[PDB]
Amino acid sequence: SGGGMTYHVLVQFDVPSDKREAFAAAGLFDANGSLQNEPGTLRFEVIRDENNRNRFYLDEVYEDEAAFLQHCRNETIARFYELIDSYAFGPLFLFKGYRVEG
């Protein structure tokens, strides 16, 4: 109710087989640090592919595009990329878009 046209960002990552737990922790660090400290970050979910064990998705929702750009500039995402720099493939942006309200 009353959410407006929120900004949806879907990200895809692949990681080596021995980094599945490491990336899950890094993704949750990103989700929790972002949701705790960035008001414009409304939702941040880490999703594991049902069959592809090395593939992960981030389903992120922001108040608007400006809030996503602010997130991209903040400390949490910088630390996230420090954590995964040694192994992770990505980010591949599956899409960015606006919610159709109704």
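Counting begins at 1, following the sequence as shown.
Q: Highest recorded C-alpha temperature factor, please, choosing from 24, 83, 88, 92.
A: The C-alpha B-factor peaks, among 24, 83, 88, 92, at 83.
Q: Place residue 44 in the lowest, middle or highest third of its chain's C-alpha B-factors, as listed in the PDB entry.
A: For residue 44, whose C-alpha B-factor we compare with every modelled residue in the chain, the answer is the lowest third.
Q: Against its chain's modelled residues, does residue 72's Cα B factor rank lowest, middle or highest third?
A: CA B-factor rank for residue 72: highest third.
Q: Using the temperature factors of the C-alpha atoms in this entry, rank residue 65 within its chain: lowest, middle or highest third.
A: Its C-alpha B-factor, which the entry lists for residue 65, ranks in the highest third among residues of this chain.
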